[PDB]
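Shown next: entry_0.cif, containing mmCIF, C-alpha atoms.
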data_upload
loop_
_atom_site.label_atom_id
_atom_site.label_comp_id
_atom_site.auth_asym_id
_atom_site.auth_seq_id
_atom_site.Cartn_x
_atom_site.Cartn_y
_atom_site.Cartn_z
CA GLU E 2 -21.53 7.82 4.51
CA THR E 3 -19.70 8.03 1.19
CA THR E 4 -17.58 11.19 1.32
CA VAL E 5 -15.14 10.62 4.18
CA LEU E 6 -13.43 13.95 4.86
CA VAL E 7 -10.17 12.81 6.45
CA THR E 8 -7.96 15.30 8.24
CA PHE E 9 -4.74 13.40 8.75
CA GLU E 10 -3.68 15.62 11.65
CA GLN E 11 -0.04 14.52 11.60
CA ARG E 12 2.94 16.64 10.61
CA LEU E 13 3.18 16.41 6.84
CA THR E 14 5.05 18.38 4.18
CA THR E 15 4.55 19.62 0.64
CA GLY E 16 6.58 16.66 -0.61
CA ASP E 17 4.12 14.45 1.23
CA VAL E 18 1.03 16.10 -0.27
CA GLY E 19 2.97 16.28 -3.53
CA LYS E 20 2.72 12.49 -3.56
CA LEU E 21 -0.99 12.22 -2.77
CA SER E 22 -1.79 14.88 -5.37
CA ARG E 23 -0.16 12.58 -7.91
CA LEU E 24 -2.02 9.63 -6.33
CA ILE E 25 -5.56 11.11 -6.51
CA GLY E 26 -7.67 8.11 -7.44
CA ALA E 27 -5.94 5.36 -5.47
CA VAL E 28 -7.38 2.91 -2.95
CA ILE E 29 -7.25 3.89 0.72
CA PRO E 30 -9.02 1.58 3.17
CA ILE E 31 -10.74 2.87 6.29
CA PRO E 32 -11.85 0.64 9.19
CA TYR E 33 -14.62 2.79 10.61
CA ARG E 34 -16.50 4.64 7.78
CA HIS E 35 -17.18 7.99 9.40
CA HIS E 36 -17.42 11.38 7.74
CA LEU E 37 -14.42 12.64 9.71
CA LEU E 38 -11.34 10.48 10.28
CA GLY E 39 -7.70 10.86 11.24
CA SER E 40 -4.28 9.55 10.31
CA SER E 41 -4.22 6.71 12.83
CA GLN E 42 -7.10 4.80 11.22
CA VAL E 43 -6.87 5.93 7.60
CA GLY E 44 -4.23 3.99 5.76
CA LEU E 45 -3.75 0.28 6.32
CA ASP E 46 -0.30 0.59 7.97
CA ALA E 47 -1.84 0.49 11.47
CA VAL E 48 -2.24 -3.30 11.12
CA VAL E 49 0.97 -4.17 9.23
CA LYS E 50 3.10 -3.12 12.19
CA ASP E 51 1.49 -5.92 14.16
CA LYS E 52 4.03 -8.22 15.73
CA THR E 53 2.79 -11.50 14.28
CA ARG E 54 3.13 -9.79 10.87
CA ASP E 55 1.79 -12.69 8.83
CA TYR E 56 -0.78 -13.15 6.09
CA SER E 57 -2.87 -15.24 8.51
CA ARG E 58 -4.14 -12.31 10.57
CA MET E 59 -3.92 -9.56 7.96
CA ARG E 60 -5.96 -11.30 5.26
CA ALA E 61 -8.79 -11.75 7.76
CA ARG E 62 -8.42 -8.16 9.00
CA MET E 63 -8.65 -6.27 5.68
CA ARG E 64 -11.99 -8.02 5.21
CA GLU E 65 -13.14 -5.58 7.91
CA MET E 66 -11.49 -2.59 6.24
CA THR E 67 -13.76 -0.53 3.99
CA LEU E 68 -12.12 0.51 0.73
CA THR E 69 -12.27 4.14 -0.39
CA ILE E 70 -11.00 6.14 -3.34
CA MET E 71 -8.60 9.07 -2.96
CA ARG E 72 -9.96 12.41 -4.13
CA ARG E 73 -8.94 16.05 -3.65
CA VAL E 74 -6.10 15.97 -1.14
CA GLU E 75 -6.29 19.61 -0.04
CA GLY E 76 -3.70 20.45 2.59
CA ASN E 77 -4.35 17.40 4.69
CA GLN E 78 -8.06 17.14 3.93
CA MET E 79 -9.12 14.06 1.99
CA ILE E 80 -12.18 13.18 0.00
CA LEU E 81 -12.20 9.43 0.52
CA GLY E 82 -15.29 8.29 -1.32
CA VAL E 83 -16.83 5.08 0.00
CA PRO E 84 -17.85 3.63 -3.38
CA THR E 85 -21.44 2.54 -3.86
CA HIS E 86 -21.78 -0.84 -5.54
CA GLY E 87 -22.15 -0.63 -9.30
CA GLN E 88 -20.78 2.79 -10.18
CA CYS E 89 -17.76 3.50 -12.37
CA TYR E 90 -14.59 4.76 -10.71
CA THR E 91 -11.06 5.50 -11.83
CA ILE E 92 -8.64 3.49 -9.68
CA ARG E 93 -4.90 4.13 -9.43
CA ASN E 94 -2.60 1.13 -9.13
CA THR E 95 -0.08 0.44 -6.39
CA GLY E 96 0.75 -3.20 -7.16
CA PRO E 97 3.11 -3.70 -10.12
CA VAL E 98 0.56 -5.36 -12.42
CA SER E 99 -0.92 -4.00 -15.66
CA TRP E 100 -4.33 -5.34 -14.54
CA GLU E 101 -5.39 -6.99 -17.88
CA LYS E 102 -8.72 -5.21 -18.59
CA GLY E 103 -11.90 -7.21 -18.05
CA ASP E 104 -10.78 -9.30 -15.07
CA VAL E 105 -11.72 -9.51 -11.42
CA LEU E 106 -9.40 -7.43 -9.25
CA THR E 107 -9.06 -8.03 -5.52
CA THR E 108 -7.54 -6.42 -2.43
CA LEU E 109 -4.44 -8.14 -1.07
CA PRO E 110 -2.10 -7.12 1.80
CA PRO E 111 1.09 -5.18 1.05
CA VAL E 112 2.93 -8.15 -0.32
CA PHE E 113 5.69 -9.61 1.79
CA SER E 114 8.71 -8.23 -0.05
CA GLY E 115 9.92 -5.95 2.68
CA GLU E 116 7.51 -3.33 4.01
CA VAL E 117 7.15 -0.36 1.69
CA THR E 118 6.99 3.19 3.00
CA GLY E 119 3.66 3.67 1.25
CA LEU E 120 3.80 7.46 1.43
CA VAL E 121 6.64 8.41 3.87
CA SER E 122 7.03 7.65 7.60
CA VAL E 123 5.36 10.82 8.87
CA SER E 124 6.51 10.96 12.52
CA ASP E 125 7.19 7.20 12.46
CA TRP E 126 3.93 6.54 10.62
CA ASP E 127 3.79 5.86 6.90
CA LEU E 128 0.53 5.58 4.98
CA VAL E 129 0.80 2.07 3.55
CA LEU E 130 -1.75 0.96 0.93
CA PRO E 131 -2.98 -2.55 0.15
CA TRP E 132 -1.98 -3.81 -3.26
CA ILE E 133 -4.82 -3.99 -5.76
CA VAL E 134 -3.89 -7.27 -7.45
CA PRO E 135 -5.95 -9.35 -9.92
CA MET E 136 -7.99 -12.40 -9.03
CA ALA E 137 -5.42 -14.83 -10.42
CA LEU E 138 -2.59 -13.34 -8.37
CA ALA E 139 -4.39 -13.28 -5.02
CA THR E 140 -5.61 -16.84 -5.54
CA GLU E 141 -2.12 -18.02 -6.49
CA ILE E 142 -0.40 -16.20 -3.62
CA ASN E 143 -2.97 -17.74 -1.24
CA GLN E 144 -2.69 -21.19 -2.83
CA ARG E 145 1.04 -21.15 -2.07
CA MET E 146 0.22 -20.07 1.48
CA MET E 147 -1.55 -23.40 1.84
CA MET E 148 1.07 -25.28 -0.20
CA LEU E 149 3.71 -24.34 2.36
CA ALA E 150 1.19 -24.94 5.15
CA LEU E 151 0.40 -28.47 3.95
CA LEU E 152 4.05 -29.49 3.69
CA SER E 153 4.62 -27.89 7.11
CA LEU E 154 2.85 -31.00 8.46
CA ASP E 155 4.54 -33.99 6.80
CA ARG E 156 8.23 -33.00 6.53
CA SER E 157 11.15 -31.97 8.70
CA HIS E 158 11.64 -28.26 9.36
CA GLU E 159 14.57 -27.96 6.96
CA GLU E 160 12.38 -29.61 4.32
CA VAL E 161 9.61 -27.18 5.21
CA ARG E 162 12.21 -24.46 4.64
CA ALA E 163 13.22 -26.30 1.47
CA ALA E 164 9.58 -26.01 0.42
CA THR E 165 9.26 -22.30 1.24
CA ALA E 166 12.49 -21.29 -0.52
CA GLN E 167 11.25 -23.06 -3.66
CA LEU E 168 7.77 -21.53 -3.77
CA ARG E 169 8.21 -18.07 -2.25
CA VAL E 170 9.10 -16.65 -5.68
CA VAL E 171 5.94 -15.80 -7.61
CA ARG E 172 6.34 -14.38 -11.11
CA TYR E 173 3.07 -13.00 -12.46
CA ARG E 174 2.84 -9.99 -14.82
CA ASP E 175 6.06 -8.07 -14.10
CA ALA E 176 5.97 -8.79 -10.35
CA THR E 177 8.40 -11.03 -8.46
CA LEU E 178 6.36 -11.15 -5.26
CA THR E 179 7.25 -13.03 -2.10
CA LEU E 180 5.53 -15.35 0.39
CA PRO E 181 5.37 -14.28 4.08
CA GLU E 182 7.76 -17.07 5.24
CA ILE E 183 4.71 -18.36 6.97
CA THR E 184 4.16 -18.66 10.70
CA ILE E 185 1.73 -21.59 10.89
CA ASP E 186 -1.43 -20.30 12.52
CA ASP E 187 -4.75 -21.61 13.80
CA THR E 188 -6.71 -19.31 11.46
CA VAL E 189 -5.14 -21.19 8.54
CA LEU E 190 -5.35 -24.51 10.41
CA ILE E 191 -9.15 -24.38 10.65
CA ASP E 192 -9.09 -23.50 6.96
CA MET E 193 -6.53 -26.15 5.98
CA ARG E 194 -8.76 -28.75 7.65
CA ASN E 195 -11.73 -27.58 5.54
CA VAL E 196 -9.55 -28.02 2.47
CA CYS E 197 -8.64 -31.57 3.46
CA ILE E 198 -12.29 -32.14 4.36
CA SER E 199 -13.28 -30.94 0.89
CA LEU E 200 -10.61 -32.97 -0.92
CA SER E 201 -11.80 -36.18 0.74
CA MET E 202 -15.39 -35.53 -0.25
CA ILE E 203 -14.48 -35.10 -3.92
CA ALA E 204 -12.93 -38.57 -3.69
CA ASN E 205 -16.31 -39.69 -2.31
CA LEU E 206 -18.64 -37.69 -4.57
CA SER E 207 -16.83 -38.62 -7.79
CA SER E 208 -18.40 -41.81 -9.12
CA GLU E 209 -16.88 -44.24 -11.63
CA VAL E 210 -17.52 -41.96 -14.64
CA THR E 211 -15.38 -38.91 -13.89
CA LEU E 212 -12.19 -40.68 -12.84
CA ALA E 213 -12.35 -43.30 -15.60
CA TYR E 214 -12.11 -40.64 -18.33
CA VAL E 215 -8.48 -39.45 -18.39
CA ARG E 216 -7.04 -42.80 -17.27
CA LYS E 217 -8.68 -44.28 -20.37
CA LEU E 218 -7.65 -41.25 -22.44
CA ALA E 219 -3.97 -42.05 -21.89
CA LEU E 220 -4.67 -45.58 -23.17
CA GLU E 221 -5.61 -44.36 -26.66
CA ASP E 222 -4.90 -40.68 -27.31
CA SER E 223 -1.75 -38.60 -26.78
CA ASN E 224 -2.08 -34.91 -25.88
CA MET E 225 0.38 -32.23 -24.78
CA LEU E 226 -1.41 -31.63 -21.48
CA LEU E 227 -1.80 -35.39 -21.04
CA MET E 228 2.00 -35.76 -20.93
CA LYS E 229 1.94 -33.78 -17.68
CA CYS E 230 -1.13 -35.56 -16.29
CA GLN E 231 0.62 -38.92 -16.59
CA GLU E 232 3.46 -37.31 -14.60
CA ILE E 233 0.88 -36.12 -12.04
CA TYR E 262 -19.71 -48.94 -15.32
CA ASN E 263 -23.24 -47.93 -14.35
CA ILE E 264 -25.75 -46.70 -16.93
CA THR E 265 -27.86 -44.36 -14.75
CA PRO E 266 -26.99 -40.73 -15.64
CA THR E 267 -29.17 -38.81 -13.16
CA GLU E 268 -27.33 -39.79 -9.98
CA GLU E 269 -24.09 -39.16 -11.86
CA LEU E 270 -25.34 -35.60 -12.36
CA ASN E 271 -26.56 -35.51 -8.77
CA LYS E 272 -23.18 -36.53 -7.37
CA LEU E 273 -21.42 -34.10 -9.70
CA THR E 274 -23.63 -31.19 -8.61
CA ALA E 275 -22.58 -31.57 -4.97
CA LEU E 276 -19.02 -32.08 -6.20
CA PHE E 277 -19.12 -28.66 -7.87
CA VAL E 278 -20.27 -27.10 -4.61
CA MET E 279 -17.09 -28.46 -3.03
CA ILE E 280 -14.75 -27.13 -5.71
CA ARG E 281 -16.41 -23.73 -5.48
CA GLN E 282 -16.02 -23.95 -1.70
CA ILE E 283 -12.34 -24.87 -1.87
CA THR E 284 -11.74 -22.23 -4.55
CA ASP E 285 -13.35 -19.69 -2.22
CA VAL E 286 -10.91 -20.89 0.45
CA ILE E 287 -7.85 -19.88 -1.57
CA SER E 288 -9.76 -16.91 -2.98
CA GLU E 289 -10.29 -13.61 -1.25
CA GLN E 290 -13.03 -10.99 -1.39
CA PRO E 291 -13.73 -9.99 -5.00
CA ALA E 292 -13.60 -6.28 -5.66
CA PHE E 293 -13.22 -3.78 -8.58
CA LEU E 294 -14.03 -5.14 -12.03
CA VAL E 295 -11.61 -3.60 -14.49
CA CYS E 296 -13.41 -1.90 -17.37
CA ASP E 297 -10.81 0.27 -19.14
CA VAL E 298 -7.10 -0.10 -18.45
CA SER E 299 -5.37 3.20 -19.21
CA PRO E 300 -2.83 3.37 -22.07
CA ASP E 301 -0.28 4.37 -19.40
CA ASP E 302 -1.48 1.40 -17.25
CA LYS E 303 -1.76 3.57 -14.10
CA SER E 304 -5.53 4.04 -13.80
CA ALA E 305 -8.57 1.92 -14.54
CA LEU E 306 -12.29 2.56 -14.74
CA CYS E 307 -13.54 0.05 -12.16
CA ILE E 308 -16.96 -1.08 -11.01
CA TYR E 309 -18.54 -3.91 -8.98
CA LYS E 310 -17.01 -3.95 -5.47
CA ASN Z 4 7.36 21.78 -8.76
CA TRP Z 5 4.83 21.21 -11.51
CA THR Z 6 1.65 22.76 -10.17
CA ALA Z 7 3.49 26.03 -10.81
CA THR Z 8 3.90 24.87 -14.39
CA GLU Z 9 0.22 24.14 -14.92
CA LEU Z 10 -1.40 27.01 -13.01
CA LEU Z 11 0.79 30.06 -13.60
CA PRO Z 12 0.70 32.01 -16.88
CA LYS Z 13 3.44 31.00 -19.26
CA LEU Z 14 5.07 32.65 -22.18
CA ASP Z 15 3.97 31.05 -25.42
CA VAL Z 16 6.86 30.46 -27.79
CA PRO Z 17 7.51 28.56 -31.05
CA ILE Z 18 9.63 25.47 -30.38
CA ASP Z 19 10.95 22.77 -32.68
CA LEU Z 20 11.16 19.11 -31.79
CA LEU Z 21 13.27 16.30 -33.14
CA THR Z 22 10.54 13.72 -33.70
CA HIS Z 23 7.60 13.75 -31.31
CA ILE Z 24 7.14 14.98 -27.76
CA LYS Z 25 5.70 11.67 -26.60
CA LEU Z 26 8.91 10.07 -27.92
CA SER Z 27 11.16 12.97 -26.90
CA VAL Z 28 10.72 11.70 -23.34
CA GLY Z 29 11.95 8.31 -24.57
CA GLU Z 30 15.64 9.08 -25.02
CA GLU Z 31 14.90 12.04 -22.69
CA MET Z 32 16.23 15.02 -24.63
CA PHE Z 33 14.22 17.09 -22.16
CA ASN Z 34 15.56 16.91 -18.62
CA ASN Z 35 13.02 16.21 -15.83
CA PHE Z 36 9.86 15.58 -17.82
CA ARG Z 37 6.26 15.07 -16.66
CA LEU Z 38 3.46 13.71 -18.84
CA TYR Z 39 -0.30 13.44 -18.33
CA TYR Z 40 -2.87 11.98 -20.67
CA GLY Z 41 -6.11 13.19 -19.17
CA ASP Z 42 -7.91 15.55 -16.83
CA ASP Z 43 -5.46 15.61 -13.95
CA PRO Z 44 -6.44 16.98 -10.51
CA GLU Z 45 -2.88 17.89 -9.47
CA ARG Z 46 -2.97 21.59 -10.32
CA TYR Z 47 -6.30 21.69 -8.45
CA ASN Z 48 -4.40 20.99 -5.24
CA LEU Z 49 -2.14 23.17 -3.10
CA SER Z 50 -0.39 23.50 0.31
CA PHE Z 51 1.58 25.96 2.34
CA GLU Z 52 4.35 26.02 4.85
CA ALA Z 53 2.78 29.16 6.44
CA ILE Z 54 5.73 30.79 8.12
CA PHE Z 55 4.53 33.63 10.34
CA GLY Z 56 6.47 36.48 11.88
CA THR Z 57 9.98 35.82 13.17
CA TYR Z 58 9.63 37.80 16.38
CA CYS Z 59 12.86 39.22 17.74
CA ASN Z 60 13.93 38.93 21.36
CA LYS Z 61 14.59 42.57 22.16
CA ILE Z 62 16.64 42.04 25.30
CA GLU Z 63 16.60 44.45 28.23
CA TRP Z 64 19.67 46.66 28.66
CA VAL Z 65 21.23 47.24 32.06
CA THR Z 66 24.14 49.32 33.28
CA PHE Z 67 26.07 49.07 36.53
CA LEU Z 68 24.79 52.28 38.08
CA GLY Z 69 21.18 51.69 37.03
CA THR Z 70 21.02 48.57 39.16
CA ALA Z 71 20.67 48.86 42.90
CA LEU Z 72 24.18 47.48 43.56
CA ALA Z 73 25.59 50.93 42.78
CA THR Z 74 25.02 52.03 46.38
CA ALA Z 75 27.40 49.30 47.50
CA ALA Z 76 30.09 50.64 45.13
CA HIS Z 77 31.93 53.87 44.91
CA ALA Z 78 32.52 53.66 41.16
CA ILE Z 79 35.55 55.66 40.00
CA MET Z 80 37.12 56.01 36.57
CA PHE Z 81 40.90 56.17 36.51
CA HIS Z 82 42.46 55.69 33.12
CA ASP Z 83 46.04 54.96 34.19
CA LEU Z 84 44.76 52.10 36.35
CA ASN Z 85 46.48 49.31 34.42
CA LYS Z 86 49.79 50.67 35.64
CA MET Z 87 48.72 50.35 39.28
CA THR Z 88 49.54 47.52 41.62
CA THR Z 89 47.76 47.79 44.99
CA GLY Z 90 45.56 50.70 46.03
CA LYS Z 91 46.44 50.98 49.71
CA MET Z 92 44.25 53.38 51.75
CA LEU Z 93 46.04 54.22 55.00
CA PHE Z 94 43.90 54.66 58.10
CA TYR Z 95 45.33 56.58 61.02
CA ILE Z 96 43.30 55.77 64.12
CA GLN Z 97 43.55 57.77 67.30
#

Is it possible to give me this structure as structure tokens?
Amino acid sequence: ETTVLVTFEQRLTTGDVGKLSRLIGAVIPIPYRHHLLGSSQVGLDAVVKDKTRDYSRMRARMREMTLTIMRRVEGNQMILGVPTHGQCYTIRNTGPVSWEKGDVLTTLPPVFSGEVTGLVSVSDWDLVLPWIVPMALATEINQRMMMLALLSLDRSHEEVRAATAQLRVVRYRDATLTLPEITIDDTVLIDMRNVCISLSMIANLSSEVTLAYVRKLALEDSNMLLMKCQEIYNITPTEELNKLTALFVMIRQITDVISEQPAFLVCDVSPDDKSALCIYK
Amino acid sequence: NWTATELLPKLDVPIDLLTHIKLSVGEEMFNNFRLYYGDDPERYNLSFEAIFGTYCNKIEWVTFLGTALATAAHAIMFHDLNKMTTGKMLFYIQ
């Protein structure tokens, strides 16, 4: 189905539906993809009041949510259109980012700066929306998940907390967004292994051509980026290509680790920066 | 409310502006603005409260004599009763 007529059967007001009327065109996920759904499934809030309440379980759980687009909130009826891949759709923002037209946009959890009443707590249930953040932000906020998960292994707990307090502040396009203050979890641990697996194999699959470049570049040339990199031979080319091909599979694999599911491709950011023609789920 | 602004018929009236209405919400010379750039589905959306009829509780009226207890009473009006002390029926018994 595409048109998901949702009767949120809960006890809502005009001021509630006065918010969704102004939000027609936003992103509501549904877990089930019926034609007829209710308040308890529609809206992502049903999983953010879980007791573990970390990005470990919720990142892997919104990958089973199915995104829809808010249309025509009549009374409590919804027209949540399951978008078919490759059509153009206007998409209303909920994350405080101007979305920088032309980029990949992805679906992130409601970011761990409190817990927003996404609509209003209708009978102790608010309709909380995932933030529709760009590709750079979700990759950076999931990099720092692993950054504080790596140093959760080799330091004392106060120095783990010294790591988290340093890197929980993320400033990216008018958003000062916050790390979960991570509970170390097995779902990240099987992923943090696969990172450290992949990092070792790059040190194997890089021959003596790649790594000799920059360490000889600092011998002769002086560059602005090289001033940070200082602070941080066989003749057969075909096997150098053939080792570098399998190297690039690793760095796409480890990028896909700190990535999430790609989603909406921004076509036309509005001049008021509140809607965007989006395609390519 | 603003759906009432967009749906209902308005008076049309000549109005001046200082500079420009898209800038007149900048320093906010107009109190409580609302601005839309495109085809906006808000006025195509409604709601009620749907209050239905406030039914009155017409309560049943009873009097002392209308109830069945009146046979147990010999009910007498006497208007100078507040002056009395102790009604004291004497019974002579042969």

> Any idea what's packed within 12 Å of residue 41 in chain Z, counting only C-alpha atoms, ignoring anything in its chain fewer than 2 positions away? Could you give it as a ChimeraX atom specification?
Replying inline: /E:91,299-301,303-304 /Z:38-39,43-45

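The interatomic distance for the pair CA of residue 220 in chain E and CA of residue 233 in chain E works out to 15.6 Å.
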
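Residues from chain Z that have an atom within 8 Å of chain E, counting all atoms listed in the file, are residues 44, 45, 47, 48, 49, 50, 51 and 52 of chain Z.
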
Pull out every residue that the PyMOL selection byres ((chain E and resi 305) around 10) matches in the shown coordinates and put them as a PDB file with C-alpha atoms, in the frame of the given file.
ATOM      1  CA  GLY E  26      -7.670   8.110  -7.440  1.00  0.00           C
ATOM      2  CA  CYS E  89     -17.760   3.500 -12.370  1.00  0.00           C
ATOM      3  CA  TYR E  90     -14.590   4.760 -10.710  1.00  0.00           C
ATOM      4  CA  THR E  91     -11.060   5.500 -11.830  1.00  0.00           C
ATOM      5  CA  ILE E  92      -8.640   3.490  -9.680  1.00  0.00           C
ATOM      6  CA  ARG E  93      -4.900   4.130  -9.430  1.00  0.00           C
ATOM      7  CA  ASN E  94      -2.600   1.130  -9.130  1.00  0.00           C
ATOM      8  CA  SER E  99      -0.920  -4.000 -15.660  1.00  0.00           C
ATOM      9  CA  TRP E 100      -4.330  -5.340 -14.540  1.00  0.00           C
ATOM     10  CA  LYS E 102      -8.720  -5.210 -18.590  1.00  0.00           C
ATOM     11  CA  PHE E 293     -13.220  -3.780  -8.580  1.00  0.00           C
ATOM     12  CA  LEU E 294     -14.030  -5.140 -12.030  1.00  0.00           C
ATOM     13  CA  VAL E 295     -11.610  -3.600 -14.490  1.00  0.00           C
ATOM     14  CA  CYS E 296     -13.410  -1.900 -17.370  1.00  0.00           C
ATOM     15  CA  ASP E 297     -10.810   0.270 -19.140  1.00  0.00           C
ATOM     16  CA  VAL E 298      -7.100  -0.100 -18.450  1.00  0.00           C
ATOM     17  CA  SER E 299      -5.370   3.200 -19.210  1.00  0.00           C
ATOM     18  CA  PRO E 300      -2.830   3.370 -22.070  1.00  0.00           C
ATOM     19  CA  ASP E 301      -0.280   4.370 -19.400  1.00  0.00           C
ATOM     20  CA  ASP E 302      -1.480   1.400 -17.250  1.00  0.00           C
ATOM     21  CA  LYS E 303      -1.760   3.570 -14.100  1.00  0.00           C
ATOM     22  CA  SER E 304      -5.530   4.040 -13.800  1.00  0.00           C
ATOM     23  CA  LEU E 306     -12.290   2.560 -14.740  1.00  0.00           C
ATOM     24  CA  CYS E 307     -13.540   0.050 -12.160  1.00  0.00           C
ATOM     25  CA  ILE E 308     -16.960  -1.080 -11.010  1.00  0.00           C
TER      26      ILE E 308
END

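CA of residue 12 in chain E is found 22.6 Å from CA of residue 131 in chain E.
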
Centre, edges in Å (one decimal): axis-aligned box, range 67-75 of chain Z, 5 Å padding on all six sides, as JSON:
{"center_x": 24.0, "center_y": 49.9, "center_z": 42.0, "size_x": 16.7, "size_y": 14.8, "size_z": 21.0}

> Between CA of residue 87 in chain E and CA of residue 309 in chain E, what is the spacing in Å?
Replying inline: 4.9 Å

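Minimum distance to residue 111 in chain E across E:54, E:123, E:183, E:88 (counting only C-alpha atoms) occurs at E:54.
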
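Once the PyMOL selection byres ((chain E and resi 175) around 9) is applied to the shown structure, the selection contains residues 97, 98, 99, 172, 173, 174, 176 and 177 of chain E.
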
>> For the PyMOL selection byres ((chain Z and resi 19-26) around 12), applied here, can you spell out every residue it catches as number ranges by chain?
In response: E: 301; Z: 16-18, 27-33, 36-40

>> When you look at range 159-166 of chain E with a cut-off of 12 Å (counting only C-alpha atoms), what residues show up, excluding the ones that are within fewer than 3 positions of it in the same chain? I need them as a ChimeraX atom specification.
In response: /E:145-156,169-171,179-185

Give me the residues near range 136-142 of chain E as a compact mmCIF listing (two decimals) with C-alpha atoms, in the frame of the given file, where near means some atom within 6 Å (using all atoms listed in the file) and where sequence neighbours in that chain fewer than 5 positions away do not count.
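And here is the file that came out, result-v8.txt:
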# COMPACT_ATOMS: atom_id res chain seq x y z
CA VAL E 105 -11.72 -9.51 -11.42
CA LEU E 106 -9.40 -7.43 -9.25
CA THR E 107 -9.06 -8.03 -5.52
CA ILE E 287 -7.85 -19.88 -1.57
CA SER E 288 -9.76 -16.91 -2.98

>> Using only C-alpha atoms - which residues lie no farther than 8 Å from the point (3.1, 8.3, 2.5) in the file's frame? Write them as a PyMOL selection string.
In response: chain E and resi 17+20-21+118-123+127-129
